[PDB]
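Chain and residue survey
What follows is each chain in one-letter form.
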Amino acid sequence: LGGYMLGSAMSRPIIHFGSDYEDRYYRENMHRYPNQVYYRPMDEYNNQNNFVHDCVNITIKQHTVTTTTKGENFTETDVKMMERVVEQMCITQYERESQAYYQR
C-alpha cells in the first residue's frame, strides 16, 4: 500500500444498470465486495475525480492481487460491478470528508 488509508464504514449504494437483475445480482452478492475504499490524504493532491480514479484503481487492485491467491472469481463483469459501487462509495466518502473539512 504505502500511505493509503481506508475510509469509514457505511452501507453500500444500490445501483441499477439497465435491468434490476444486475442490481439485485450485485446486492445479493455484496459480501466480498468492498464497503470502504482506499485512498490518500491531501498533501496537495486533493481532487474529486483523481481521488476517485485512484480509489477505483487501488481498492479494486488490492481486491484482485489478494484475490489471485484465494482462487476467487472476479470476471470483468464483476470488476465493472465492483468499480461502479466503489466509485459511488468513494464520491459519497469524499463528500463526508469535504463537508467535515469545510465545517471545521
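As deposited, the entry is annotated with solution NMR as its determination method.

Identification of the protein chain as PRION PROTEIN from Homo sapiens is taken from the PDB entry.

**Some details on the packing of helix 2 (residues 49-58) against helix 3 (residues 76-103)**
Between helix 2 and helix 3, the least distance of the axes is 9 Å, while the angle of their chain directions is 135 degrees. What the angle tells us is that helix 2 and helix 3 run oblique. Handedness of the crossing formed by helix 2 with helix 3: right-handed. On helix 3, the residues touching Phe51, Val52, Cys55 and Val56 of helix 2 are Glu83, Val86, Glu87, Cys90, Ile91, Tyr94 and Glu97. Along the lines of polarity and charge, the residues of the contact of helix 2 with helix 3 split into 8 nonpolar, no polar and 3 charged.

**Some thoughts on the nonpolar core**
Core analysis: the biggest nonpolar cluster contains 20 residues, and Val37 and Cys55 have the highest contact counts within it. At the level of elements, helix 2 and helix 3 are the ones that each hand at least two residues to this core. If we ignore the near neighbours within four places in the chain, the residues touching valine 37 are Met5, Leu6, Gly7, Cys55, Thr59, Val86, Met89, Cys90 and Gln93.

**Remarks on the side chain of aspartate 78**
Among the structural elements, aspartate 78 can be located in helix 3. In this structure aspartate 78 is buried but unpaired, with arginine 32 as the nearest side chain of opposite charge at 5.5 Å. Not counting the four nearest positions on each side in its chain, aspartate 78 is found in contact with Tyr25, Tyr33 and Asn73.

**Focus on the UniProt feature "disulfide bond" in the protein chain**
A sulfur-sulfur distance of 2.0 Å separates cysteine 55 from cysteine 90, so the disulfide listed by UniProt for this pair is formed here. In this pair, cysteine 55 sits in helix 2 while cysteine 90 sits in helix 3, placing the two residues 35 residues apart along the sequence. Judged by relative accessible area, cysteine 55 falls into the buried class, the value being 0%.

**A few points about the packing of aromatic side chains**
Each aromatic ring pair is specified by the distance between its two centres and by the angle formed by the two planes. Enumeration according to the criterion identifies 6 aromatic pairs in this entry. Measuring from ring centre to ring centre gives 6.2 Å for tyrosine 33 and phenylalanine 74, while their planes differ by 50 degrees; the resulting arrangement is tilted. With a gap of 41 residues between them, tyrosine 33 in the loop between helix 1 (20-28) and strand 2 (38-39) and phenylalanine 74 in the loop between helix 2 and helix 3 connect regions that are remote in the sequence. One exposure class covers both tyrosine 33 and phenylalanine 74, and it is buried. With a centroid separation of 6.2 Å and an interplanar angle of 50 degrees, the aromatic rings of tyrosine 101 and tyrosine 102 are classed as tilted. Here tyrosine 102 falls in the exposed class, since its relative accessible area comes to 72%. Aromatic rings pair up to connect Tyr26, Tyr33 and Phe74 into one cluster.

Rules used in this analysis
- Residues numbered from 1 in each chain as written, not as in the entry; some residues may be left out.
- Heavy atoms only, no water.
- Axes fitted to C-alpha atoms, helices over the stretch in contact; angles between N-to-C directions.
- Helix = DSSP H or I, 4+ residues; strand = E, 2+ residues; numbered from the N terminus.
- Parallel < 35°, antiparallel > 145°, perpendicular 65-115°, else oblique.
- Left-handed = near helix turned anticlockwise from the far one by under 90°.
- Contact = heavy atoms within 4.5 Å.
- Nonpolar A, V, L, I, M, F, W, Y, C, P; charged D, E, K, R; others polar.
- Core = buried A, V, L, I, M, F, W, Y, C linked by side-chain atoms within 4.5 Å.
- Buried < 20%, exposed > 50% of the residue type's maximum accessible area, 1.4 Å probe, protein only.
- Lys, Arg positive; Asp, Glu negative; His and termini not counted.
- Salt bridge = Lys/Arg side-chain N within 4 Å of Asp/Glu carboxyl O.
- Disulfide = S-S within 2.5 Å.
- UniProt positions renumbered as here; feature names shortened; annotations may be inferred.
- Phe/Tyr/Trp six-rings, centres within 6.5 Å; stacked < 30°, edge-to-face > 60°.

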